[PDB]
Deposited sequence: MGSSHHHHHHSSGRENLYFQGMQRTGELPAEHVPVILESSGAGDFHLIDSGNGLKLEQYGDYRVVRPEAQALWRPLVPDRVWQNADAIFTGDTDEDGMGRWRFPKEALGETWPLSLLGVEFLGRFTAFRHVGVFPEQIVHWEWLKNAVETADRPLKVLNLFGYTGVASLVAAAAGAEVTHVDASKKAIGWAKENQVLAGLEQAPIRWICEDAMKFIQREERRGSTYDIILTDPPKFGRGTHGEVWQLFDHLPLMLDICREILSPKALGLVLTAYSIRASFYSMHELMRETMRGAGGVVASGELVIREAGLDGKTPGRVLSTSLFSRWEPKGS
């Protein structure tokens, strides 16, 4: 029961809604899902073919064994930490990739992650369009920014970006992507801090942003050990986000992975957060479709994450 992190009461009427909205990613170029099944997925990231666990890929693989057995890297093991197997000669920590004009690194760590969630291109497209068509310089806030591809998309489009992540290591990775992308001179502020602390302090300062993106994990830790738990804390976070939106704000975008909840729960939370603000809240799932070996052969849907987006419409 939420005692201390409740959203504040707002006046006015709930915004309009579009729900469910299923967003489906196209590859993308350097990424496609080749095949999946038996609790695994087979993905192409540029020159690297990778096998990773995907528990919900319950069905049987449709692409021949020979294609799976030609993978460059296979993630194995059971905390979250495991071991990559490299069955041929592909090796080192990193490899270059590009999505939506932004060059960044795929990276093998002890975790199953590869340094990008390429399905998020659908949201980066929304972001890029919003920045490049705005007739004024925009401020974009990116919370839980990870390897920073959204930050770089926004920076490349002309935004003044503030990227927030509690992990100094992840900030380092994002900065490496910034160099690779040729965006060293772009206005990106790198904030290594707990995300909710940063925004509450921004609220106290009276700071505002035109677009806020937020990608909270189910569980996290702030830079000074502050426990983050999505189901305990999200209502306060979104409330503070609204308090730091500019009068002419273009959007508030929430993405959520790996969570025992429907998009309807993100949706109704977002609708209530934005009570009296007008506009429209669109929510649902973000999915990838299998594309086969050639990348042109549509197959099954693999749902990755939830989203809810407010816009002034």
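The deposited chain is incompletely modelled, with C-alpha atoms absent over 1-14, 93-95, 331-332.
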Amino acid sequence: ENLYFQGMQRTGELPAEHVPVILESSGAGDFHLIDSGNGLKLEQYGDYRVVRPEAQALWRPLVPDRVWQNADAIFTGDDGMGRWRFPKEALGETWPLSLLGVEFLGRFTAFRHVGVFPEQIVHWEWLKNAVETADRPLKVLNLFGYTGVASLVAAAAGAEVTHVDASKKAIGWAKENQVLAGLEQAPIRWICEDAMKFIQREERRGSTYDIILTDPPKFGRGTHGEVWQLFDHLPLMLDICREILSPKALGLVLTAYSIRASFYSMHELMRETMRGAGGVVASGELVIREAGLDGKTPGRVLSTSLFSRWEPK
From here on, numbers count along this sequence of modelled residues.
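Averaged over CA atoms, B-factors in the entry run higher in 24-32 than in the other of 50-58 and 24-32. When the two stretches 131-139 and 176-184 are set side by side, the higher mean Cα temperature factor goes to 131-139. For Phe144, the recorded CA B-factor ranks within the lowest third of the chain. Only modelled residues enter the ranking.
Among the modelled residues of its chain, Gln229 has a C-alpha B-factor that falls in the lowest third, as given in the PDB entry. Ranked by Cα temperature factor within the chain, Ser246 sits in the middle third according to the deposited record. Compared with the other modelled residues of the chain, the Cα B-factor recorded for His163 ranks in the lowest third. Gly279: CA B factor in the lowest third of modelled residues in this chain (values from the PDB entry).
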